Colleague: 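A single structure is presented below for examination.
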Amino acid sequence: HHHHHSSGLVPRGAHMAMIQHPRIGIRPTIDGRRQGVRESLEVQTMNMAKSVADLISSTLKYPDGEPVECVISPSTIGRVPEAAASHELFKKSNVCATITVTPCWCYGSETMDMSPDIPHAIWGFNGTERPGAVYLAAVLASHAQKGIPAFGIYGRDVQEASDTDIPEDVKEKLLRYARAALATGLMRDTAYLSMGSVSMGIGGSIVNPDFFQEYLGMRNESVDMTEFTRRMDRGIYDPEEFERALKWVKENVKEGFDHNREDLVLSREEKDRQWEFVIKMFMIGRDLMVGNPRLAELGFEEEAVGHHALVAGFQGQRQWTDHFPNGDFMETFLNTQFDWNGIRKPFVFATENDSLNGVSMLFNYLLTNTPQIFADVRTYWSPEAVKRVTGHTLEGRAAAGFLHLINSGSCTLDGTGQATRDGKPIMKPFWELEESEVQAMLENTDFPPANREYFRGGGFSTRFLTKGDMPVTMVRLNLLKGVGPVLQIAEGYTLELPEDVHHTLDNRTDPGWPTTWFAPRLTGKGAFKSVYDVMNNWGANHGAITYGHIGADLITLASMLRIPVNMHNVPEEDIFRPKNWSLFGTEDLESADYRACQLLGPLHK
Amino acid sequence: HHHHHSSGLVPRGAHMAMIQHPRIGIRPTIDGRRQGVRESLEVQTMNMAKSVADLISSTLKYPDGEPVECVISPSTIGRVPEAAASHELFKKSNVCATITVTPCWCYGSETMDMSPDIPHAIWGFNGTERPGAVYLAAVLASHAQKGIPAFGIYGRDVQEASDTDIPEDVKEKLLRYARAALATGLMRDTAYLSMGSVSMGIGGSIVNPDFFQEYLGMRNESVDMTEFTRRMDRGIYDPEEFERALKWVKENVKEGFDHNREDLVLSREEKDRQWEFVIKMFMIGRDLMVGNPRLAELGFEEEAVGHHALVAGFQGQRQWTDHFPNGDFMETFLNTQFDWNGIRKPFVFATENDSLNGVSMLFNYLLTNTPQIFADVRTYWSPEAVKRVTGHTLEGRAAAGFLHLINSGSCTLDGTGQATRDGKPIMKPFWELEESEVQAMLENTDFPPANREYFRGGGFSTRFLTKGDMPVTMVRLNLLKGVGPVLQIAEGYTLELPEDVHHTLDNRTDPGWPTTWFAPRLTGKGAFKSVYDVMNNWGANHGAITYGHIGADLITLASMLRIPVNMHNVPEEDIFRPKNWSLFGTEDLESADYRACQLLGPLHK
Amino acid sequence: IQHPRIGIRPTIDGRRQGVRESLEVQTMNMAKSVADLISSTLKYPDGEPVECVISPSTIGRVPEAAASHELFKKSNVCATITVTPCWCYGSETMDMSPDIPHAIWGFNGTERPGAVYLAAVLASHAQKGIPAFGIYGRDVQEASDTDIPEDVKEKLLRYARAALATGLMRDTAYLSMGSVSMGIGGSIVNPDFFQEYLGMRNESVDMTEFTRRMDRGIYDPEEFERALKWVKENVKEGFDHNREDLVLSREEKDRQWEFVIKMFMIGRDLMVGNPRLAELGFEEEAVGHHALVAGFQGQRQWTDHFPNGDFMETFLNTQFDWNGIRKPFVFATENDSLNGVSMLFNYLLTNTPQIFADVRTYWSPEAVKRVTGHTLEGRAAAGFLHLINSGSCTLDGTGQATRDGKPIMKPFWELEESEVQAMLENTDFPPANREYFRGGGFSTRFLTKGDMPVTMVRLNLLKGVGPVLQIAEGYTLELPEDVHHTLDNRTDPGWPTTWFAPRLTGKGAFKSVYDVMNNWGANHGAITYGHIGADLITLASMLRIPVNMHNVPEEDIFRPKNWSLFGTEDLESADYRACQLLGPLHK
Ligand SMILES: C[C@H](O)[C@@H](O)[C@@H](O)[C@H](O)CO
Ligand SMILES: C[C@H](O)[C@@H](O)[C@@H](O)[C@H](O)CO
Ligand SMILES: C[C@H](O)[C@@H](O)[C@@H](O)[C@H](O)CO
Ligand SMILES: [Mn+2]
Ligand SMILES: [Mn+2]
Ligand SMILES: [Mn+2]
């Protein structure tokens, strides 16, 4: 951001849209009594605060790889004017959530944080010498009596007064809380950009701004896809960048086998022209999302600013893709953690402008800092169907059947699963990626010409096979009329089928697109009695798939946003929600969660 | 109550506040058809009524030890004008709830009680000769169709027509119903008195009159604590009583070891002055609650009347206890079933003006006629922490860990557990206490000087150890914003630790205060999967602890008041709620209970 | 005293190569004029000029909106004003903050569609449920014109004063001393109301704290000596109406004077803290309770025993004492917290101290005739109300301060020495009536000068709905001297009097002066210098408190623009519907 010689802002340096740095505000509360008690507790109390700040700052990173930032109250908090001084610092410090720490008794409502629009957690030391726990429960009761949600963090094992380690059980809670709170703080005040609008009558592509505004704190931008054509015809993109990209693409991107029907096959001259075009789609999509200071230099100052988009979508079908090369290459590379410019954070991006899938990916992204697989839930494969079709009897993780996850053209190349840790397939934050790993991803992917019976305009799709045995979580938000957003979660594993089984199933389906074979973990409960039941209960044709088991993190996140969780396979002992959820019931956690979300409602209504 | 020579009422005889005598109204309904049927059923029907009245009156007592009173309709009820005559009698008879009894078919809505503001139960004889059961179900359907809650009492085993025993299964239901209904009738129209107001920002001490008014039928009174000072300086207490108390206290109350820091230790002259002062606090607190006719004789006629308080609280901290001796001695003796004047009903009394703990104690008190332990839930002791700290491996009832229950100074001396039945520790109604038992309680208690780093004004705390192996129920009401009161219940046992374990844990905590070691019964369900989970779900720093397993009684009570139960460990087969609860669902009893309480709402809104 | 800012957001057409660069200067000028108008005209309770912030650039596209929001977030902005002369891209340029008021001023000129933006962006505000005021001038202005027209200033300043009132309340506390006073409803303090509507916290101390600080020297002894001396010189003890055997000796009266001074000191220390207390070694007591407003329960338990609260209540609400001229500390008798908030509304809108009073009597013209022989004329002609607190009232409520030979109440920084003198000279302090206040003390007795324009205000809690506001603009009265003395002597001549006549309109509860009283929702009112009804209405609408009753002319009613979508005919109902649906700010 510098000021334009006459009018607006323009970017200089990095993009216009930076990743934000929300802080966590740490509030050490103390007994108010002086002439002995308070003075004797100051040091133990303020240390608790310092140790929490070091835990978070030394463990968690923002999407840009920087260490998360913490702020401590200007003093310990024993009486209201100390709370007010705290609140005043936090207001100007960009604080997205609060952690109160204490080893002693403090005065409930005199010391509590009143912010209704952010999460709070309280950690009471489990010690005998002072009532730390007792404050914990007291102040949480005030929170529930005043309808300001707060998390309760209480360690299992009595600690000695002089001990300053944070117990593993407390750490787990502190970090789950922090990861989830940071996701809320990173979404807030950003936008979703629609390119186009509704795609083929798909629910999530009918974008609902009330949801963004009320639940997420987010704005909605839109451009009609004509914008791409305008920029291409008028030279509103970086031509020097274009030349380097064309060269890198020629070197690194293998064009794939052409399955097109005979009379639909394009000339090699046409295919080359289409390659230039999709490279420009990428640059333009990326520029629209985040801005580009080069656009300003080329004298396109209005365009240089972008659309402040933390997440975005491309309608494509039907009107664009009937005419012009499709968006597979754009969608692929936006979601991939590199291009000709180098290794890079991803730009979270929805196929078919499925805004709800976009937000599902963004939850996943902000919780993990890892890129996100976008997929159609194409087929449920029962053991019986697999046996009939291939002769093979499924075993290990595939034994109970599995789901074919395969988007209609595009997918993050990180979703190959070629990055490695300890001999195992994973998806990594961009700053952990090695050159070899990028190379492996490119090497194990190719780019078949688009199927022109569906995508007359042409383009190239993305084709790889996700490596088996990677822990993942599939995720989907859906909008329920009269209720709002509801969240479903399925943790499980990618699979490696026998090769013949893979090729047989693949070739009957859509072998020009990207494949992940998915087995969800069954629990014998709810919708996880069988793999079939998991599909039959999946509430949209799309899912968002992340590396890792992040179910418990999502559940915590959803409660912060007051989004009820309709379906998950997370063990119950991992469910971690504000302490007042339990006033809405302890047996029927699902109903209590609906009652709590219903009553408190979204953050920004 | 006599009229003053010029103006008000004043008490004479007992106190101004008597314990009330709510009645149970018994309604025998009969088939309307004469010329045979009705006349042949009169005697069997009216006997059912008489036997129910004898059951209740011969088994249950009011808090003052008098036998509960019943009223029968002026005739059997076969047609509406007989129902009207019944309703007319009950209106002037102080009837707090209804029991309809019948051996035959009667005409539904023609015969039913329409009172919306009181509980109803219906007992249909399980006989073959007439449709008793059939009336039972019919009239209950009318109750649910008209939104007037009623309990259904149906015996398991077909009885012979000539049999007049009440089956054990029916008796259990009749008496649970009656105990709970009487508690509602005893609370109604009484008050809660606040002395002071908010204590150290504690939730329950921010008194919510909507709750008292709407749910309990109760008023709220308040005095600023200055009132104590006024009465002490102006001689507004009984000086003859004061002298007898001072003497009894010198003989019966052992002053305890002084743990104070050296420069804070008070002179013996000061300690003696403080003893006089806390004796006066007691008398004044007791007088404020219930009135005193002696105050009238001494010419303080306004004060003699009291505050009509069935339950009350003393703020204490911070402003009073920073200056004057604290309220431990007052709170202790109000909750204890004796003093210098003799053996006595308790006066239900909250530390720190925790009005919600007060009501929790009062539920417990009205259900049992036994005094009530007020406690901080200070510490969860895991087996691992106990092993580390003491070397001991916990066994029997303590094996899964336990809770340290220990109020910040005061507790009913009945909570020593020194009263005995059949070789076992219990807490008794006052009229069952023996002189030896009072003596045991005094003998096993002492009264340490208050800790002046917390209670600068001084005073004496109460110190004993509750005997192990007593069945108890811990209880807490909490206010949930947008919902109202919700009730949690944990039945279990007091523990006897090995002596070394006890002293080690005690001495690290607050050995000048009273201790109960508590193990809740685990069920493998909800919040009772582990002792840790029970604490982690306890919704305030306070609990109310009663002798006995009274979970099922509380659940019945809560349904009468439409307070949902968020957490309990009572077996499901014991849950006994109005029959329409089951129209709100039969599987998810917790959700159905929230839906039912939500829809019907409190009694007096 | 916080310094909440107003954020000025200059929005602009995003199209360059001409349009945008041509409008930059004129657009930025609108921002600058508004900042100047506000900063040169309004002041915080402490006398300092109000502060504004402008967006770091004009706003034509969303990332500029984002930057504006980033800056305002750290600049303590309590409300926004968008200004524009041109068309701009509605939802791309709008402020989304749900917890603060907004206003849009669109230039009324022809060359560019500024009124078009104004209405389009307000449509978005209504459709997204984020209330915003619309500010549109009556007369087409020339593109180069730089004057803010008078209709526009009036709206901008009304908006700003009301916005600032919300900004100054937020995050402060109400302190109760004691609890419930004599079963008075407003003294059963409701924290949900404070928390949800006002963004305020609740603090609490038992009156025992007073005794504690007195016994233990927890107040400033230098200050005490200077105060005792100043009070002997300046404060006139009044007539003792007590019956013979209740009359106190001169010694006892003198000890009580020392005590009530100490009460004043402790009350003030409790509200705002005092660094002298830390110097004297009570570091805890030194910080105070962060109270923008407070009350003192008093009766029954304290005033039965100890000197009453009148002196403390009077001087907290007065703009001076032995330490010099000074802002008031808004303070409620009987801990009537609703009256306290009513006073504070008036205070924050005007920077002038506030009369607390019981609405004691309605005097009909018939009854004045019967009792006095006199036939009321002038403003008094249609009857009137006796406003008189049970012992205390701000000395500024004498009406001794003067502007243009007319009685007023002034912000403290406009007070002259001679005016303080006049307030003192026209007040005496009668011993407390010991049948009602056994514990003693001294009340405050004066008579408010007549012909002073005032507004009486009351906030009431209505079960299941929440707070509702009632407003009566009117005038103080001067009665014939002998008529005054007859009415006074048979009521409570030891307490302070204001004679009030509300303006009648023949609408609603303002058809007669009796109707005004018959519809008054409590025994208390807060009374301010000035006719500020229109300001209250705007403030009420900011906080979503319905107005149940007011005598303000309909043309002056200025509410967020989406109120009109709830109805244009039946404004009262539309107001209730809007507040009901929108709810308090901090639910
Ligand atoms: C080719 C088809 O139109 C395909 O694009 C759709 O089924 C789409 O994937 C649905 O999300
Ligand atoms: C000594 C402490 O203030 C103690 O009184 C508190 O923790 C209190 O027991 C909380 O209920
Ligand atoms: C003397 C009375 O108590 C008086 O104080 C009451 O009328 C009080 O003014 C009610 O506001
Ligand atoms: Mn699809
Ligand atoms: Mn306690
Ligand atoms: Mn009054």
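FYI, side chains are in, hydrogens and waters are out, and symmetry mates aren't considered; it's all heavy atoms of this structure. Just so it is clear: chains get the letters A, B, ... in the order the sequence lines come, proteins before strands, and each one is counted from 1. First listed ligand is number 1; within each ligand, the first listed atom is number 1.
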Colleague: Which atoms of ligand 1 have any heavy atom of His542(A) under 4.0 Å away?
Modeller: 11 (O)
Colleague: Answer yes or no: is there an ion pair linking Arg463(B) with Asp506(B), defined by an N-O contact shorter than 4.0 Å?
Modeller: no
Colleague: What pair of heavy atoms forms the shortest contact from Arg300(C) to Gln297(C), and how long is it?
Modeller: N-NE2, 3.9 Å
Colleague: Looking only at non-hydrogen atoms, find the nearest pair between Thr515(B) and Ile406(B) and report the distance.
Modeller: OG1-CD1, 3.7 Å
Colleague: What protein heavy atom lies closest to atom 4 (C) of ligand 1? Include the residue and the distance to one decimal.
Modeller: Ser408(A) CB, 3.9 Å
Colleague: Write out the residue and atom name of the closest protein heavy atom to atom 10 (C) of ligand 1, then the distance separating them to 0.1 Å.
Modeller: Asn541(A) ND2, 3.5 Å
Colleague: Looking at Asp376(A) and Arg378(A), does any basic side-chain N land under 4.0 Å from a carboxylate oxygen?
Modeller: no
Colleague: Take the angle between the ring planes of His404(B) and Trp517(B) and call it parallel below 30°, perpendicular above 60°, tilted in between.
Modeller: tilted
Colleague: Note the single closest protein heavy atom to atom 2 (C) of ligand 1, along with its residue, its atom name and the distance in Å.
Modeller: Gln317(A) OE1, 4.1 Å
Colleague: Check each atom of ligand 1 against the heavy atoms of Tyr454(A) and keep those under 4.0 Å away; list them by number with element.
Modeller: 1 (C)
Colleague: Could you name all protein N, O or S atoms found under 2.8 Å from the Mn ion (ligand 5)?
Modeller: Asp376(B) OD1, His542(B) NE2
Colleague: If every non-hydrogen atom of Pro448(A) is compared with every non-hydrogen atom of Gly512(A), which pair is closest and at what distance?
Modeller: CG-O, 3.8 Å
Colleague: Taking the basic N atoms (NZ, or NE/NH1/NH2) and the acidic carboxylate oxygens, is any pair closer than 4.0 Å for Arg452(A) and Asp258(A)?
Modeller: no
Colleague: Judged by atom type as modelled, is there a donor-acceptor pair below 3.5 Å linking the side chain of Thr321(A) to the main-chain atoms of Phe455(A)?
Modeller: no
Colleague: What I want to know is whether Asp376(A) and ligand 1 share at least one N or O pair that is separated by under 3.5 angstrom.
Modeller: yes
Colleague: May I ask you to check if ligand 1 and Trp513(A) share an N or O to N or O distance below 3.5 Å?
Modeller: no
Colleague: More than 12 foreign heavy atoms under 6.0 Å from OH of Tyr436(C): is that the case here?
Modeller: no
Colleague: Say whether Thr498(C) and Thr448(C), considering side chains only, have a donor N or O and an acceptor N or O under 3.5 Å apart.
Modeller: yes
Colleague: Could you check atom 8 (C) of ligand 1 against the protein and tell me its nearest heavy-atom contact, residue, atom and distance included?
Modeller: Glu352(A) OE2, 3.1 Å
